[PDB]
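Shown next as structure tokens: one chain only, the form deposited in one PDB entry.
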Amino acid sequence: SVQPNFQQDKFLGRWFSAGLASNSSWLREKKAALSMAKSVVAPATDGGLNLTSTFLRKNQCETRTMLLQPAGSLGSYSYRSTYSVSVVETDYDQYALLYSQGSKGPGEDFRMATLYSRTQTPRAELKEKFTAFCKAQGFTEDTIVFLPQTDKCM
């Protein structure tokens, strides 16, 4: 589902990409070949969000920005294949669990769960929450991974 009573303003700011689960080997491999620094969530010039991710690739700092357009309900967004992105659960000041699925085109084959943490190294219980969520969503244990982090690029 989507986080009930989702408050976008409390979801803004700095998050760390701590955990990932995907049914795409290509995407898993791509993400694992990098080191995550931080992500920043900010309101876009429309009712959606800009998600700016900073990471290290071959010792080079890089950034990518993703526009998450509103999808007609709070906590639900769209990214253009087209993908649905949902904030399924969050307490705003510790963690957020995101879920993405293709909604149009070949991307429909694609599913991804993400654990965002307000701290770069998340508590063990946060990791358990994520694993439990991924298992509930039909991800195999081997696809549930915690991404390499970097202190650089901050």
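Think of the rigid core as the biggest set of C-alphas that the two forms share within 1.5 Å after superposition. Start at 1 with the first residue shown and count on from there.
Another form exists, deposited in another entry; not displayed. Remarks below refer to it.
- Fit the rigid core and compare the CA positions between this form and the one not shown: of 88, 44, 34, 40, just 34 moves by 2 angstroms or more.
- Relative to what is shown, residue 30 and residue 70 are farther apart in the other entry; their C-alpha atoms differ in spacing by at least 3 Å.
- The pair residue 29 and residue 68 separates in the other entry: their C-alpha atoms are at least 3 Å more distant from each other than in the form depicted.
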